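The next block is entry_24.txt, given as compact mmCIF, C-alpha atoms.
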```
# COMPACT_ATOMS: atom_id res chain seq x y z
CA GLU D 1 24.56 50.74 -188.54
CA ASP D 2 25.90 52.78 -191.45
CA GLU D 3 27.98 50.42 -193.58
CA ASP D 4 30.29 52.96 -195.26
CA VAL D 5 33.96 52.83 -194.28
CA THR D 6 34.60 55.44 -191.61
CA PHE D 7 37.41 54.55 -189.14
CA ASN D 8 40.86 53.01 -189.16
CA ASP D 9 42.60 53.46 -185.83
CA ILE D 10 42.18 54.24 -182.14
CA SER D 11 41.91 58.02 -182.49
CA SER D 12 39.45 57.72 -185.36
CA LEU D 13 37.34 55.19 -183.48
CA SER D 14 37.16 57.23 -180.29
CA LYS D 15 36.24 60.29 -182.34
CA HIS D 16 33.66 58.29 -184.30
CA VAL D 17 31.96 57.09 -181.12
CA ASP D 18 32.09 60.51 -179.51
CA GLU D 19 30.70 62.16 -182.63
CA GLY D 20 27.80 59.71 -182.57
CA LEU D 21 26.50 61.07 -179.23
CA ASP D 22 26.12 64.73 -180.19
CA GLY D 23 22.58 64.12 -181.33
CA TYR D 24 21.71 63.55 -177.69
CA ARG D 25 24.03 66.06 -176.07
CA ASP D 26 22.20 68.67 -178.11
CA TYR D 27 18.98 67.52 -176.52
CA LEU D 28 20.16 67.60 -172.94
CA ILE D 29 21.75 71.03 -173.48
CA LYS D 30 18.65 72.50 -175.12
CA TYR D 31 16.47 71.95 -172.05
CA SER D 32 18.91 72.10 -169.14
CA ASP D 33 19.18 75.32 -167.15
CA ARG D 34 22.35 77.22 -168.01
CA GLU D 35 23.04 78.06 -164.36
CA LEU D 36 22.88 74.45 -163.20
CA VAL D 37 25.00 73.25 -166.10
CA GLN D 38 27.59 75.83 -165.10
CA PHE D 39 27.51 74.77 -161.46
CA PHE D 40 28.04 71.08 -162.12
CA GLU D 41 30.82 71.86 -164.58
CA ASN D 42 32.80 74.14 -162.28
CA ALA D 43 32.45 71.75 -159.37
CA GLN D 44 34.06 69.01 -161.45
CA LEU D 45 36.94 71.20 -162.54
CA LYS D 46 37.64 71.96 -158.90
CA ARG D 47 37.72 68.23 -158.13
CA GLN D 48 40.16 67.30 -160.87
CA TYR D 49 42.51 70.25 -161.29
CA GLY D 50 42.23 71.79 -157.82
CA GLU D 51 40.03 74.45 -156.28
CA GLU D 52 42.58 77.17 -156.99
CA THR D 53 41.81 76.79 -160.69
CA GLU D 54 40.04 79.93 -161.84
CA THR D 55 36.28 79.86 -161.32
CA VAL D 56 35.10 80.23 -164.89
CA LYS D 57 32.05 82.51 -164.60
CA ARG D 58 31.05 81.83 -168.20
CA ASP D 59 28.24 84.36 -167.90
CA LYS D 60 28.16 84.81 -171.67
CA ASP D 61 28.77 81.31 -172.79
CA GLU D 62 29.33 78.62 -175.32
CA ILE D 63 29.57 75.69 -172.93
CA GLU D 64 32.33 73.64 -174.47
CA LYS D 65 30.62 70.28 -174.93
CA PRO D 66 30.29 69.52 -171.20
CA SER D 67 30.71 66.01 -169.88
CA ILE D 68 27.53 63.96 -169.83
CA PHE D 69 27.97 62.98 -166.18
CA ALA D 70 27.88 66.68 -165.36
CA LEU D 71 25.13 67.46 -167.83
CA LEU D 72 22.64 64.75 -166.80
CA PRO D 73 21.77 65.77 -163.20
CA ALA D 74 21.27 69.34 -164.36
CA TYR D 75 18.64 68.09 -166.77
CA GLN X 1 71.70 134.14 -161.94
CA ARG X 2 68.44 134.72 -163.75
CA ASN X 3 68.63 138.53 -163.97
CA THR X 4 71.07 140.37 -166.24
CA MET X 5 70.49 144.03 -165.38
CA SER X 6 72.86 146.96 -165.09
CA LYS X 7 73.18 149.14 -162.01
CA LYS X 8 71.37 151.99 -163.79
CA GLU X 9 68.46 149.69 -164.57
CA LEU X 10 68.37 148.54 -160.95
CA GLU X 11 68.28 152.17 -159.83
CA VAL X 12 65.39 152.95 -162.17
CA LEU X 13 63.49 149.91 -160.90
CA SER X 14 64.13 151.09 -157.36
CA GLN X 15 62.76 154.54 -158.12
CA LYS X 16 59.60 153.16 -159.69
CA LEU X 17 58.95 150.94 -156.68
CA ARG X 18 59.44 153.99 -154.49
CA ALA X 19 56.81 155.73 -156.55
CA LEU X 20 54.38 152.83 -156.04
CA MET X 21 54.83 152.89 -152.26
CA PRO X 22 54.20 156.46 -151.05
CA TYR X 23 54.77 155.42 -147.44
CA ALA X 24 58.31 154.10 -148.05
CA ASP X 25 61.40 156.29 -148.12
CA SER X 26 63.54 153.87 -150.15
CA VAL X 27 63.68 150.33 -151.52
CA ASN X 28 66.80 148.21 -150.97
CA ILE X 29 67.48 145.58 -153.65
CA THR X 30 69.44 142.49 -152.56
CA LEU X 31 70.66 139.63 -154.76
CA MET X 32 70.13 136.08 -153.46
CA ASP X 33 71.40 132.67 -154.61
CA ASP X 34 69.09 130.05 -156.08
CA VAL X 35 71.34 127.19 -155.01
CA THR X 36 70.98 128.45 -151.46
CA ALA X 37 67.19 128.47 -151.73
CA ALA X 38 66.97 124.95 -153.17
CA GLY X 39 69.45 123.64 -150.61
CA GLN X 40 67.59 124.98 -147.61
CA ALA X 41 64.41 123.36 -148.93
CA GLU X 42 65.94 119.92 -149.39
CA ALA X 43 67.80 120.04 -146.09
CA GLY X 44 64.53 120.88 -144.35
CA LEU X 45 62.79 117.83 -145.78
CA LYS X 46 65.66 115.57 -144.77
CA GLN X 47 65.63 117.17 -141.34
CA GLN X 48 61.99 116.13 -141.10
CA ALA X 49 62.59 112.59 -142.45
CA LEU X 50 59.80 112.99 -144.99
CA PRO X 51 59.78 110.79 -148.11
CA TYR X 52 60.09 112.88 -151.26
CA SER X 53 61.22 113.10 -154.87
CA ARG X 54 62.99 116.09 -156.41
CA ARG X 55 62.64 117.41 -159.97
CA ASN X 56 64.68 120.16 -161.62
CA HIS X 57 63.64 122.51 -164.42
CA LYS X 58 65.13 125.46 -166.25
CA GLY X 59 63.46 127.77 -163.75
CA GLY X 60 62.14 125.89 -160.75
CA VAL X 61 62.41 122.91 -158.44
CA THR X 62 59.46 120.68 -157.53
CA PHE X 63 59.45 118.41 -154.47
CA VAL X 64 56.72 115.76 -154.70
CA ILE X 65 55.65 114.25 -151.37
CA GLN X 66 53.05 111.56 -151.99
CA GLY X 67 51.77 108.21 -150.75
CA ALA X 68 50.34 106.83 -147.53
CA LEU X 69 51.39 109.27 -144.81
CA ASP X 70 50.94 109.09 -141.06
CA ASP X 71 49.24 111.84 -139.07
CA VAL X 72 52.59 112.82 -137.59
CA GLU X 73 54.12 113.17 -141.05
CA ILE X 74 51.20 115.29 -142.28
CA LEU X 75 51.52 117.62 -139.29
CA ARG X 76 55.29 118.03 -139.53
CA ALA X 77 55.04 118.58 -143.28
CA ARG X 78 52.43 121.32 -143.13
CA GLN X 79 54.34 123.10 -140.36
CA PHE X 80 57.64 123.15 -142.23
CA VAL X 81 56.08 124.13 -145.55
CA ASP X 82 54.21 127.04 -144.01
CA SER X 83 57.46 128.20 -142.42
CA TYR X 84 59.60 128.07 -145.57
CA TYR X 85 56.95 129.70 -147.75
CA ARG X 86 56.80 132.71 -145.45
CA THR X 87 60.50 133.30 -146.07
CA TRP X 88 61.02 132.64 -149.78
CA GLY X 89 57.54 132.72 -151.36
CA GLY X 90 56.08 130.29 -153.87
CA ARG X 91 57.85 131.60 -156.96
CA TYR X 92 60.78 129.20 -157.38
CA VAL X 93 60.27 126.07 -155.23
CA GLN X 94 56.92 124.27 -155.13
CA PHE X 95 55.76 121.49 -152.79
CA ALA X 96 53.08 119.03 -153.90
CA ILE X 97 51.50 116.96 -151.11
CA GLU X 98 49.18 114.14 -152.09
CA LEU X 99 47.61 111.21 -150.26
CA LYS X 100 47.64 108.03 -152.32
CA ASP X 101 46.35 104.56 -151.64
CA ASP X 102 48.16 101.44 -152.82
CA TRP X 103 49.56 102.19 -156.24
CA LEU X 104 47.60 99.41 -157.99
CA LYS X 105 44.85 98.71 -155.45
CA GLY X 106 46.36 95.57 -153.95
CA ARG X 107 46.89 93.16 -156.84
CA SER X 108 49.91 91.39 -158.26
CA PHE X 109 51.93 92.79 -161.12
CA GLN X 110 55.27 92.63 -162.88
CA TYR X 111 57.15 95.94 -162.96
CA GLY X 112 59.75 95.24 -165.62
CA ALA X 113 60.02 96.97 -168.97
CA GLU X 114 57.41 94.40 -170.08
CA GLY X 115 55.34 94.65 -166.93
CA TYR X 116 51.68 93.80 -166.63
CA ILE X 117 48.85 93.45 -164.12
CA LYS X 118 47.07 90.31 -162.96
CA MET X 119 43.42 91.33 -162.67
CA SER X 120 42.71 87.85 -161.32
CA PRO X 121 44.38 84.48 -161.72
CA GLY X 122 44.00 83.75 -165.39
CA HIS X 123 43.56 87.42 -166.42
CA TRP X 124 46.41 89.60 -167.79
CA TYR X 125 46.08 93.33 -168.52
CA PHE X 126 49.25 94.75 -170.21
CA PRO X 127 48.24 98.42 -169.78
CA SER X 128 51.61 100.15 -170.01
CA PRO X 129 55.26 99.70 -169.07
CA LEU X 130 55.11 99.63 -165.30
```
Could you quickly redo this structure as structure tokens?
Amino acid sequence: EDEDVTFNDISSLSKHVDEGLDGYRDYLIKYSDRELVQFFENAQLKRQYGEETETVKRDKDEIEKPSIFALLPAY
Amino acid sequence: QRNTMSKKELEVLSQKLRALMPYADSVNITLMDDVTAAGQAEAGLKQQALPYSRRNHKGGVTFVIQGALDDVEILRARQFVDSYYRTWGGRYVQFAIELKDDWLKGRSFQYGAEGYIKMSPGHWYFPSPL
């Protein structure tokens, strides 16, 4: 709702919308199991970029804002 | 080449050896050529088709035989070495025989002056000029 001027153009709008969802990504991430989140992320990378892409093994991790379609079934 | 002694000195040396060996009537001193020694060593390794590298120093020659060697190569090598040693002794030429695995354990690398090792796809190591 916030009425203050905030966006001007396509990149600023897409960033404004994306930024508005972090309040809920933080929730899903706080209760999802790290191992499952990692599995569903790697298995998407191997769909898009090809299975030869390096298997990440982010064993010590800051999971880089994972996609919500990957994050939701892990929760 | 390596000795610069006069005949008198050689005679004195001879007499002292004769005093150390009370069972010997005399000691004959003969001068041998280093180039001959080194040549007979290298020709023997070629004659056995062994892989080797040669290194030269002020006072000795080292032949380094190393890598993955077949049983036949190991046998031939030890036979020849034992034969040569019995003739010249271990004082000027040395043979080093070492079994090695793959140099870098079976992984890809660049061997230029700016070489590096791929630990895994996506992982570079830059340890040293390879």
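For the set X:74, X:120, X:35, X:128, the residue with the smallest atom-to-atom gap to chain D is X:120, counting all atoms listed in the file.
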Next item on the list: Restrict the distance test to all atoms listed in the file, flag each residue of chain D within 12 Å of chain X, and return the flagged residues as a VMD selection string.
Entry: chain D and resid 52 to 56
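Residues lying at most 12 Å from (68.9, 146.0, -151.2) in file coordinates, with all atoms listed in the file considered, are residues 10, 11, 13, 14, 26, 27, 28, 29, 30, 31 and 32 of chain X.
In terms of minimum interatomic distance to residue 96 in chain X, X:78 ranks closest within X:7, X:118, X:78, X:57, counting only C-alpha atoms.
CA of residue 126 in chain X is found 25.9 Å from CA of residue 99 in chain X.
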How would you write as a JSON list (two decimals) with C-alpha atoms, in the coordinates of the input the residues that get within 12 Å of (55.5, 127.1, -145.8) in the file's frame, counting all atoms listed in the file?
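Contents of out.json, freshly written:
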```
[["chain", "number", "residue", "atom", "x", "y", "z"],
["X", 41, "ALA", "CA", 64.41, 123.36, -148.93],
["X", 44, "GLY", "CA", 64.53, 120.88, -144.35],
["X", 45, "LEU", "CA", 62.79, 117.83, -145.78],
["X", 76, "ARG", "CA", 55.29, 118.03, -139.53],
["X", 77, "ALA", "CA", 55.04, 118.58, -143.28],
["X", 78, "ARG", "CA", 52.43, 121.32, -143.13],
["X", 79, "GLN", "CA", 54.34, 123.10, -140.36],
["X", 80, "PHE", "CA", 57.64, 123.15, -142.23],
["X", 81, "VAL", "CA", 56.08, 124.13, -145.55],
["X", 82, "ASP", "CA", 54.21, 127.04, -144.01],
["X", 83, "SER", "CA", 57.46, 128.20, -142.42],
["X", 84, "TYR", "CA", 59.60, 128.07, -145.57],
["X", 85, "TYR", "CA", 56.95, 129.70, -147.75],
["X", 86, "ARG", "CA", 56.80, 132.71, -145.45],
["X", 87, "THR", "CA", 60.50, 133.30, -146.07],
["X", 88, "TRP", "CA", 61.02, 132.64, -149.78],
["X", 89, "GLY", "CA", 57.54, 132.72, -151.36],
["X", 90, "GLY", "CA", 56.08, 130.29, -153.87],
["X", 93, "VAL", "CA", 60.27, 126.07, -155.23],
["X", 94, "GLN", "CA", 56.92, 124.27, -155.13],
["X", 95, "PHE", "CA", 55.76, 121.49, -152.79],
["X", 96, "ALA", "CA", 53.08, 119.03, -153.90]]
```
Item checked: Distance in Å - CA of residue 67 in chain X versus CA of residue 98 in chain X -> 6.6 Å
Next item on the list: Might you pull out every residue within 7 Å of residue 116 in chain X, with only C-alpha atoms counted and same-chain residues fewer than 6 positions away left off, and present them as a ChimeraX atom specification?
Entry: /X:109-110,124-127,130
